[PDB]
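Some notes on the structure that comes next.
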Amino acid sequence: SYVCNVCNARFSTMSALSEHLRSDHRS
Amino acid sequence: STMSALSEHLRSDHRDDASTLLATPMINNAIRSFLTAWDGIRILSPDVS
Amino acid sequence: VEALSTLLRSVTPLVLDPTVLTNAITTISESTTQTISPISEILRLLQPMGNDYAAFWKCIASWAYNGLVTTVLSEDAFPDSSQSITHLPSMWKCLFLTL
Amino acid sequence: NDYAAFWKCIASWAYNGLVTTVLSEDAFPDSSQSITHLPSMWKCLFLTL
Amino acid sequence: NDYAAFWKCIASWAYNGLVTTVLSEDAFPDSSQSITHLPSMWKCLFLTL
Amino acid sequence: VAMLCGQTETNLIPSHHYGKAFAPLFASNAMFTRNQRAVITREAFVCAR
Amino acid sequence: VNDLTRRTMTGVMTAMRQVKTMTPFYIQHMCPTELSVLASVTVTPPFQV
Amino acid sequence: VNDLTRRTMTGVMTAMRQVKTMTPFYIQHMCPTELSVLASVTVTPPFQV
Amino acid sequence: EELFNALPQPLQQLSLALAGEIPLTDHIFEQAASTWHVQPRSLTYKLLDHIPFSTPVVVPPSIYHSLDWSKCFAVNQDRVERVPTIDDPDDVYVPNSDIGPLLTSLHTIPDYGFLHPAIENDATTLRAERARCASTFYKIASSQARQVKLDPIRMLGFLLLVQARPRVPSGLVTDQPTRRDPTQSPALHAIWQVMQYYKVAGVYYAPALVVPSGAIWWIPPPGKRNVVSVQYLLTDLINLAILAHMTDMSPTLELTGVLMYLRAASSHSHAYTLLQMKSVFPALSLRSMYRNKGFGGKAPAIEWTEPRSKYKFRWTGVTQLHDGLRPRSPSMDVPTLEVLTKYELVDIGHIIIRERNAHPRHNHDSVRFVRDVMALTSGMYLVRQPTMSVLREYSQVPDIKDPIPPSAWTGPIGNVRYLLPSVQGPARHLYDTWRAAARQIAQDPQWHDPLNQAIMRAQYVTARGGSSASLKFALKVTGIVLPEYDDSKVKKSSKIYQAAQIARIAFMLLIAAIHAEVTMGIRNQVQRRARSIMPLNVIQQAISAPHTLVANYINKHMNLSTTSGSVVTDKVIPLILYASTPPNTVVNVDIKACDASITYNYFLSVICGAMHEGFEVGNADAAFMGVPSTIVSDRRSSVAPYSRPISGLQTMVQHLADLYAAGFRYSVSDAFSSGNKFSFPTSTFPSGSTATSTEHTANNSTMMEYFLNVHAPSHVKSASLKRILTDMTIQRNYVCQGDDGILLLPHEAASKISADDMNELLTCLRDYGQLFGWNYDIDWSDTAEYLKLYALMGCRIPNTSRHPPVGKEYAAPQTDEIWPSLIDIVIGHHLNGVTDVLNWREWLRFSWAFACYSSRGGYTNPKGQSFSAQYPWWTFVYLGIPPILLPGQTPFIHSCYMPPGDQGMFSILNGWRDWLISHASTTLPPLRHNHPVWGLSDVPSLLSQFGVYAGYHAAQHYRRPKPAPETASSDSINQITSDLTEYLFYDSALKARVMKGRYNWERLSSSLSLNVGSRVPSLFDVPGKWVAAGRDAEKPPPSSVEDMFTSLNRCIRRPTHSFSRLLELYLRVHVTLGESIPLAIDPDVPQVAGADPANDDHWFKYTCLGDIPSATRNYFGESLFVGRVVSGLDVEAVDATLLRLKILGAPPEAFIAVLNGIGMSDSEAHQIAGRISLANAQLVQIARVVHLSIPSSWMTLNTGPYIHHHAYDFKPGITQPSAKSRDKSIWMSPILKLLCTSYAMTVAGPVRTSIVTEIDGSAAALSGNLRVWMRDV
RNA sequence: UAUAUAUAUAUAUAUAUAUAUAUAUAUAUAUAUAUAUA
RNA sequence: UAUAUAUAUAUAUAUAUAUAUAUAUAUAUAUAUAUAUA
Ligand SMILES: [Zn+2]
C-alpha cells in the first residue's frame, strides 16, 4: 500500500502515512 | 548508470548542500520546514476524541 | 473546554471579520521611496498561525473551568530577548502581547 | 443620463404636496467608518452640498 | 370563500358552556419578538379586532 | 484580531436573539438525569462506606 | 528610526485605536448571559476558583 | 493623515469653491420663470404645500 | 515486462523518455510520431496479447445478439421516426443492430466498408422508405461512434505506452510510486476478452474506424456479424481504463464499472439502458456517506460577510465533527437497490455499500473514495436522431392546476389585457413585480444615450447566426429588395450578413418580418439529453429588447442577479463550500424544464400586461429604437371606448405579445436523417444562449419569494417550521441561475431541523410549483449541486466523468477541421486534467504522449500535391505543458501550475541558468564579444542545438488558414463595410466623435513622435473586425492550406537565435526561493478531493495558498476604468494602452484623443482621463501592460496576498544594490513580483518565498529598455 | 372483486443473544531476515 | 553460538468492526384461512 521513501514503512491508511511522515522524518 | 541511482545519491549524500546546480535537496529542505510549521498548528490546537 | 467553546460559538450574535481592520490599515498613505514598509510587516504578522481565529472562544470557555485548566500565552509569540526595541517586528509582537 | 436627478428634484417642487424627494440610502457613509476613511468623508461632503 | 370561522363563532355563542371558541395559539406574535417587527404588529392588530 | 474585529447586526435586540437561540436547549429531561445519577451516587457511596 | 517611518507607525497605531469594534461591549454586557445559561447545559457543571 | 495628502485634499476642495458655475444664478433668477410658465401647460396643475 | 519488448524501437525510446529515463529530444520525438502514422491501428489491440490478466471478469456472449434494425425505424407523415421497441416512448436512441448487411467494400482498404451507393441513391432520388430508414440508421450509428476527440485506439496506445514502464522516482520525500499495477485492471481484461471475437487469423480487426467524414465498418464473414454497440462498449472501457489509472482507484471499483457497462451493452439500446440508470453511482456514494455512528473529523469554518449581496466569504478556522452534526436526510440505498434489482445488478450495490462502510469519518480517504466511485458513470456523449429529439422535447405543455379565469382580465388594449385589482395570489405578485420594474425602466435617460444605443445594436451581431433564409423570404415577400454581397465571401446565415442588409431600411417597414420562421440546432451532452440552440433573427432579437431590459433590472436590483453577472465563475466555489458546511442545511432545487414551462397562456400574458401597463408612466409620444408611437384602441370601458397614443415601448410589447401568443415557429432540417425537413410551432421558449437566463432567473426568484413569504406560512402546519420559516428572505437565503437554484436554511441553533418538518416543507413546495405548472424536482441530501459543481462538507468534489478523456462532441456528420487544430485540443485536454485534480505525475506522462502523436500532420490537394510538417517538442512547453526532464536536471521537478507563454519560458530558464552557462563553456568556444545576461560561454548556440528557438517561434505561428480577398468583392467589402458602419453609426454624433478622435490621434502620435502605426482600438475598426470574423467562418480554399504549411515550414527552418524583446529583458533578472510561507489552513482538512498527500504537488499548492479567493484589498483588477464599451473592442487592450501612455507621460490631449476614439464624449473623456493614476491601479492591472497575466490554472487559488507581501522585489539584506528600482518602483515592482511568483509557482513542492536577488544590468537600464519597448508598440 | 381487522406460513429489513469466518489493534510465545555487541 | 534492537510470518489470548448461520422480538411485503363492510 502506501509507503515512505525514507524508511520504507508501509501504511494501510493515508492518515497514518501523514502523521508518520510529518513526525518520524526530520570537535 | 541510472537516473534512479543518481537521484537516490542526491537525496542521500548531498542532503544539505546549497549548490545551484542541484534542486531536489532544497525542495526536500523546504518540505522539512513545511512540516515544522505543521507542528506549530496543532501544538496550539490539538485533536479531541 | 472544547465542548463549551463549540457550543458557545453556535449561539453568539458576535461575528468576526478581519477585513475591516485591513481596510483601516491599508488606507494609510505612505511614501514608496523607503526601504522598509511597516504596513507590510504588521499585515504579515497580523495573520494568525493558520487562518484560525478560534483561540478567542477558547479563552472564554476556559474561564468557566479555571480551577481545572489555565490558558497561557503561547511561548513562541514572545519577542526574542536578544533583540532591541528598534527591531520593528519585535516591537509589534510586544504590542500584541500586552493587548 | 445627463443628470436626470437634478431636473427630477426641480420638478418635484411643483408637486411637493404629493411627492417628496429623498436622498438614497446607499449614498451614505457607513456608520462603521472613521472620519479618516477618505471615501466616507467625500460622501458626507456631497450629502452636505 | 368559506368563512367558516365567522359562522363558527356566532354558532358557538348559543353553546357557550359546552364549546368555547378561542383565538388560535399560533396566531399570536411570538413572545420574544419586538414591536418593531412589522409582521408581528399586524398580527396584534388582527388579534385585537 | 477578535478584539478589534468584533461587529454585529445593525439593530440587534439581544433579548430577542437569545430568545430564539436558547429555545431548543430546554425541551427535554436532559438536565434531570444528572440529578438522578447524583442521588444514586450518594446512596452507593454511603452504603459502601 | 527615520521620522517618516516613525510618523507612519504612530499613524497605524492611531488607526487601530479608532476602530469602532463591538467586542468590548459584548464582553461587558452579553457574554456573561451566554455563560450563565450554558452553565446549566454542559454535561459538566462549571468549576471555578 | 500624511500632511502632503492633507495639503492636496484642501487644495481640491479650494478649487471646487472657486469654479465660476452658472447654476446658483439660474436657480435664483431664471428657474422660477420657467416653472411659472410651465404651470399653465402641464395636464395636471401644480399641487403644493 | 515483455510488453515493453513488443513495442517497436522508436516507441520503446519514447516510453523510456516518458518514464524519465532520458531527456527527450526532437529525434526520438519524430520517430515515434512518424511510426504511429504509418502502422495499422489494429496492432495496438495486438499488444494486449502480452498481458497475463488475473481478474474475475467474464464477457457473456449475450453481447452478440443483434436486434434487427428494420423494426427499429419507420416513416409516417414523411418523416423517419424511431418507433421505440419498449412501450416507453423515450426509447428513441440508437438500437443494438448488426450494421453488416448495409456495407460495400472500399477500394483503398478492401476489408472495411461503407454504405451502399445504391441505398443512398434510392433514398435520395426515389425517397424509398427502406432506403431512407437504412440511411438514417447508418448515419446516426456512424455519428455516435464519431463522438471522440480522436480515434480511441490511439488513446489506448497512449495508455499502454505510459504504463509499459514504471516512472523513475524523483528525490522528493513525497514521491510515492504508483500503487496500482496492470494485470489487475478489469477494464483491460474485458477489452481483451471482447476483442477475441474480432480475430480471424490473429489479426484483430477493429469493429470500426473513425474518419473525418464519420466512421467506417468492417465487413463480417458469413459466420460472424458486428453489432454497433460493441464499438461503443470499447470506447467506454478504454475511457474507464484511462480514468481509473489516472484517478488511481482500487480494482474492485473498476470491476463494478465493467459489470455496469457489460450489463448495459448486453441489452438493446445501449445508450438508453445507460441513460435510465445514470444517477446510481452518485446516489450510492455522494448522497449517503455519513449516516452512521462513528462520525467525526475536521471541517472548514467559513463565514459569509455581512453585505451578503457581495458574495464575500472568509475562512475562519476549522470545526470538530461529531455525531450531532451528522447528516439528517435519509440515505439513498433503498431506491437505488430497488432500481438495480430491475437490471439484476444488486451485487454492484452490495459491493459499493460494503466498501463505503469502511469510511465512517470524514478525511482525505473518504472524499478520495467518493471522487473515485463517482468517476464510474459513463462518459459517452450520447446522440440521438435530432428529429426524435425535437419531437420529444417540444411536445410538452405545462399543466396548470388553477388557471387564471377569463373574468380576471379587463377589456383589451388592442392586444393586451390588464389584470383586475381584485385578483390576488402568486399571479398578482408576479404582475406587480414586473410592473414595478417596467416603471423603473420607463423613465431612464440611461437609454437614448447614443453610446448605449450603439451597445445594444452591436450586441446583436456575432459570427454565428441563423434564419437568414426566412428573413430573405419574408422581406422579399413584402416587396423589400435587400442588398447582397456574395462576392464578399461571407456566409449568408451569419447574423452579420443579415444585419448588413437591414442597415438602410426604415425600421417600421420590417415589422411584418418578425412573424417568420426560426431555424434550430442541437448540441449533444454527456449525462443528459442534448441541448437546443434557437437563434432568432436580428429583427426579432431587437424587438424583444424590453423583455431583456426589465429582466436585467429585476436581476441586478433584486438578489443581485444571483451571480448571473458571471464576472468570474469561481464566486460560486466559496458559496457552495459555505453551503455544505455542517452548521448549514442546504436544499438543491431546479425547474424541471423552465424553457418548456414558460408559456403565454399563463406566464407571458401576465408579463406582457404588466410591462405594457408599467410603461404607461412616460411620454406617450416618445420613439424608442426607431419604433414610433402609434394610436391604439382602448376598450377597458364598455360605455366609453376610444383610442389613444402609446409610446414605442408599448408598441413593441403589442407586437411581442402577438408573437408570443402565436407561438414560435421552428423549422427543422436535420442532416443525419434523410430528406425529412419540416416546420412545426411550439410554445417552448428559445433559450439558446445566456440571453434567456435573465428572464428565467427573474421569474425563478419571484415565485420563490412569494412562496417563502406568503404561501408557505399560510399553508404549513408545524409551528416550529413556521417559527424558522419566518425571518427568512431570498436576498440572504436563496440563489439561482436559469432553472438551477440553491436554498439554504437559517442556522438551527446548535441543532438541525426535523426531517419530518423537511418532508412537510418539501411537499408543500412541490404542490406550490404544481399550481402554475412548474415541476420543482427538489432534493435534500446535505450536498451542494449548483452549476455542475459538487461540494461535500466544505470540500469540492470534481466530477471527472463530465470530462471524459476520449469523448468529444461533434454536432455534424463531418468533423470539418484541419490537422493543426488538434494541438489546441491537446492543450485544452491537458488543462482539464489539472483543473480536475488527477495524479499530476501520471497525467503529465499521458499528456506528452498525446502531444507527440498530435505533433505531426499532413494534407493533400483536392487533386494535386501533398503537404506535411511537424513541430519540435519545445512548442508544447511554450503552449503550457511542463517538461518532464531537462538535460542535466532531475525528472518531475516542474509543477503543472507553470504559466504558459513567456512566463513559463523565463521561469524554466531561470532555474536552468547556471547549468547551461557552465556546460556551454566546457562544450563550445566563447562568443566574440560580451553578452548582457550570458558571459562569453555562448549558451544561445546550445539552445539552438536543443531546438529551443524552433519550438519557441513555431508556437507563435497561426494554425487556421486565411481566406483571400477580391476587388469586385471589395466593392462588396465596401458595401458590407458601409452598411455595417451605417448599422453601427445610426446617429451622427458618434461618427463625429470617432472621426475627431482618430484625426487628433494620428496627428499627435506622429507629431509628438511617440510612434507611428500604433493599432489603437477605435470604433472605425469594429466593422473591419466583424468582416474578418464573417469571412473567417467560411471553409477555406486549399490554396490557403498550402500557404500555411509552406509558411510554417519556413518559420521552422529559419535559423533564429533570439526570443521576443520582453523575454530577452526578463532573463536579466535573478530570482531565488526562500523558505515555505506560513500555511493557509490545517493540512488535515481536505478542501479538494484528490489533493491529498498522495497527490503531493496539488496538496502542497492548495494547502499553502488556500483555495477561497479572498482579495480583501486587491479586487483582482476588476475595476476597469471603462465600464461601458462596445462589442468587438477589447477592454484589456484599452486599459493597457492607457496605462502605457500614462507611464510614458503623454500629454492629456493624447488620452482625450484615445478616449474620444471609442465614442467617449469630451467631458466624460476628461473625467475618465483624470482617474488614470499609478496609485489606485492594482498589481495585475498594471502588470498586464506588458502582457504579464495570471494563468487560468491559478484562478482557483488565493494568490492575492502572496503577490502582495510574499514576493520581495527588494529585500535589503539579500538584493544587490544594483537591482534597486528607485523611483520607478511604482511601476517596476509589480512586474518583478509577477515574475517572481511565476517562477515560484513553476517548481514542484510547497510554495516558497520569492526574492529578486540580482539584475545583471542595472535596474535603471532595465526600466529604460522597457520604456523604449512600451513606446515602440 | 375491492377495503379493513385477526390468525398461520414464507421472504426482506432492523435490534438483541449464541456460534463460525475474515480484518484491525494490543499482549505473550515460536520461527525467519537485518543490524549491533560478546 | 549467545544477548539486545528492528521488521516479517505463524500460533494463542483479549478487544473492536464486518460477513454468514441459528434463535427471539418488531416492521414491511406476499400467500392462505376467518370475520366485517362495499
Ligand atoms: Zn517513513
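How things are named: the first chain in the C-alpha cells is A, the next is B, and so on; residues count from 1 in each chain; ligands count from 1 in the order shown.
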Query - Distance filter 12 Å around ligand 1, atoms: only C-alpha atoms (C1' of nucleotides) and all ligand atoms, out as a PyMOL selection string - result: (chain A and resi 2-11+16-26) or (chain I and resi 173-174+176)
Proximal residues of chain H relative to chain D (only C-alpha atoms; 8 Å) as a PDB file with C-alpha atoms, in the first residue's frame:
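Once everything was written out, this is iface-v8.pdb:
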ATOM      1  CA  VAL H   1      -3.272  61.573   7.512  1.00  0.00           C
ATOM      2  CA  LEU H  35     -41.851  76.956 -13.533  1.00  0.00           C
ATOM      3  CA  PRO H  46     -49.191  72.211  -9.567  1.00  0.00           C
ATOM      4  CA  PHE H  47     -50.179  70.864  -6.162  1.00  0.00           C
ATOM      5  CA  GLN H  48     -48.099  72.368  -3.371  1.00  0.00           C
ATOM      6  CA  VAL H  49     -47.930  72.599   0.414  1.00  0.00           C
TER       7      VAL H  49
END
Query raised in the report: How close is chain D to chain E in C-alpha RMSD after a least-squares fit, all Cα atoms in order?
Result: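 RMSD over all C-alpha atoms: 0.9 Å.
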Report task. List the neighbours of residue 830 in chain I out to 12 Å using only C-alpha atoms (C1' of nucleotides); skip same-chain residues closer than 5 positions along the sequence, and give me the result as a PyMOL selection string. Result -> chain I and resi 803-806+823-825+835-838+840+842-851+876+879-882+896-897+1193
Query raised in the report: Excluding same-chain residues fewer than 5 positions from range 1-18 of chain K, what lies within 9 Å of it counting only C-alpha atoms (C1' of nucleotides), as a VMD selection string?
Result: (chain I and resid 354) or (chain J and resid 22 to 38)
**Report entry** Within 12 Å of residue 20 in chain K using only C-alpha atoms (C1' of nucleotides), minus same-chain residues under 4 positions, as a list in words
**Finding:**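 So, after excluding close chain neighbours, the residues are residues 19, 20, 21 and 22 of chain J.
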Quick one: write out the picked residues with N, CA, C and O atoms (P, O5', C5', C4', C3', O3' and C1' of nucleotides) as a PDB file, in the first residue's frame?
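This is the output file part10.pdb:
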ATOM      1  P     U J  19     -20.677 -18.251  22.087  1.00  0.00           P
ATOM      2  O5'   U J  19     -20.695 -18.951  20.655  1.00  0.00           O
ATOM      3  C5'   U J  19     -20.755 -20.364  20.529  1.00  0.00           C
ATOM      4  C4'   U J  19     -20.859 -20.794  19.084  1.00  0.00           C
ATOM      5  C3'   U J  19     -19.681 -20.447  18.188  1.00  0.00           C
ATOM      6  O3'   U J  19     -18.579 -21.323  18.343  1.00  0.00           O
ATOM      7  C1'   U J  19     -21.694 -19.923  17.074  1.00  0.00           C
ATOM      8  P     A J  20     -17.101 -20.836  17.943  1.00  0.00           P
ATOM      9  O5'   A J  20     -17.152 -20.687  16.357  1.00  0.00           O
ATOM     10  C5'   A J  20     -17.130 -21.829  15.510  1.00  0.00           C
ATOM     11  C4'   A J  20     -17.271 -21.445  14.058  1.00  0.00           C
ATOM     12  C3'   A J  20     -16.170 -20.565  13.487  1.00  0.00           C
ATOM     13  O3'   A J  20     -15.013 -21.299  13.125  1.00  0.00           O
ATOM     14  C1'   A J  20     -18.279 -19.719  12.832  1.00  0.00           C
ATOM     15  P     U J  21     -13.582 -20.573  13.061  1.00  0.00           P
ATOM     16  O5'   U J  21     -13.703 -19.578  11.820  1.00  0.00           O
ATOM     17  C5'   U J  21     -13.681 -20.064  10.485  1.00  0.00           C
ATOM     18  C4'   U J  21     -13.921 -18.958   9.488  1.00  0.00           C
ATOM     19  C3'   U J  21     -12.899 -17.832   9.475  1.00  0.00           C
ATOM     20  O3'   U J  21     -11.712 -18.166   8.780  1.00  0.00           O
ATOM     21  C1'   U J  21     -15.076 -16.918   9.414  1.00  0.00           C
ATOM     22  P     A J  22     -10.348 -17.378   9.095  1.00  0.00           P
ATOM     23  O5'   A J  22     -10.617 -15.901   8.560  1.00  0.00           O
ATOM     24  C5'   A J  22     -10.636 -15.617   7.167  1.00  0.00           C
ATOM     25  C4'   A J  22     -11.018 -14.182   6.901  1.00  0.00           C
ATOM     26  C3'   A J  22     -10.081 -13.126   7.467  1.00  0.00           C
ATOM     27  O3'   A J  22      -8.939 -12.918   6.655  1.00  0.00           O
ATOM     28  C1'   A J  22     -12.322 -12.534   7.941  1.00  0.00           C
TER      29        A J  22
END
Report task. Considering only C-alpha atoms, state which residue in the set E:2, E:7, E:43, E:48 is at the smallest distance from residue 26 in chain E. Result ->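 When distances to residue 26 in chain E are compared using only C-alpha atoms, the smallest one comes from E:43.
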Find the residues of chain E in contact range of chain F, meaning any atom within 8 Å when counting only C-alpha atoms, and list them as a compact mmCIF listing (two decimals) with C-alpha atoms, in the first residue's frame.
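Everything below was put into iface_7.txt:
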# COMPACT_ATOMS: atom_id res chain seq x y z
CA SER E 32 -39.59 37.10 22.13
CA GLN E 33 -40.45 39.32 19.17
CA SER E 34 -40.43 43.12 19.38
**Report entry** Atomic separation - CA of residue 1036 in chain I relative to CA of residue 955 in chain I, Å
**Finding:**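 So the two atoms, CA of residue 955 in chain I and CA of residue 1036 in chain I, lie 21.5 Å apart.
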Requested in this report: Dump as a ChimeraX atom specification the residues of chain B that approach chain C to within 8 Å, counting only C-alpha atoms.
Outcome: /B:40-41,44
Query raised in the report: Any idea what the distance is between CA of residue 6 in chain D and CA of residue 1172 in chain I?
Result: 27.5 Å
**Report entry** Distance query range 3-19 of chain G at most 12 Å, only C-alpha atoms (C1' of nucleotides), self and fewer than 4 positions along chain excluded, as a ChimeraX atom specification
**Finding:** /C:18-43,86,88-89,91-92,95-96,99 /D:31-37 /F:1,3-7 /G:23-24 /H:1-3
**Report entry** CA of residue 21 in chain B to CA of residue 915 in chain I, straight-line distance in Å
**Finding:** 5.9 Å
**Report entry** Backbone-only DSSP, helix (DSSP H, G or I) members of chain B, as a PyMOL selection string
**Finding:** chain B and resi 3-12+24-43
Report task. Using only C-alpha atoms, find the residues of chain C whose closest atom to chain F is at most 7 Å away, then write them as a list in words. Result ->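 Every residue meeting the condition is included here: residues 11, 13, 14, 15, 16, 17, 18, 20, 21 and 56 of chain C.
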Would you mind exporting the chosen residues as a compact mmCIF listing (two decimals), in the first residue's frame, restricted to N, CA, C and O atoms?
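Contents of the output file again-v1.txt:
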# COMPACT_ATOMS: atom_id res chain seq x y z
N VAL C 11 -24.28 29.91 19.53
CA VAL C 11 -25.40 30.77 19.91
C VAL C 11 -25.07 32.25 19.87
O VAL C 11 -25.99 33.08 19.95
N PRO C 13 -24.31 36.11 18.98
CA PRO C 13 -24.58 37.03 17.88
C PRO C 13 -23.35 37.75 17.36
O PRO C 13 -23.45 38.48 16.37
N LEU C 14 -22.20 37.57 17.99
CA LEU C 14 -20.99 38.25 17.56
C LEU C 14 -20.36 37.53 16.38
O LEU C 14 -20.32 36.30 16.33
N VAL C 15 -19.88 38.31 15.41
CA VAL C 15 -19.21 37.77 14.24
C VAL C 15 -17.89 38.50 14.05
O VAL C 15 -17.80 39.71 14.28
N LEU C 16 -16.87 37.76 13.66
CA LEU C 16 -15.53 38.30 13.46
C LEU C 16 -15.27 38.49 11.98
O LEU C 16 -15.71 37.70 11.15
N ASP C 17 -14.55 39.56 11.65
CA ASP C 17 -14.27 39.89 10.25
C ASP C 17 -12.96 40.66 10.17
O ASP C 17 -12.92 41.86 10.45
N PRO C 18 -11.87 40.00 9.79
CA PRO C 18 -10.58 40.70 9.71
C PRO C 18 -10.56 41.81 8.69
O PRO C 18 -9.71 42.70 8.79
N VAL C 20 -12.31 44.48 8.04
CA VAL C 20 -12.47 45.86 8.48
C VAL C 20 -11.15 46.42 8.99
O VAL C 20 -10.81 47.57 8.73
N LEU C 21 -10.39 45.60 9.71
CA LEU C 21 -9.10 46.06 10.21
C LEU C 21 -8.14 46.33 9.06
O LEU C 21 -7.47 47.37 9.02
N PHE C 56 -9.93 32.84 20.59
CA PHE C 56 -10.73 33.77 21.38
C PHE C 56 -11.80 33.03 22.16
O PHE C 56 -11.92 33.20 23.38
**Report entry** residue 32 in chain F surroundings by only C-alpha atoms (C1' of nucleotides), 12 Å radius, close-in-sequence under 5 positions cut, as a ChimeraX atom specification
**Finding:** /F:26-27,37-39 /G:40-41,43
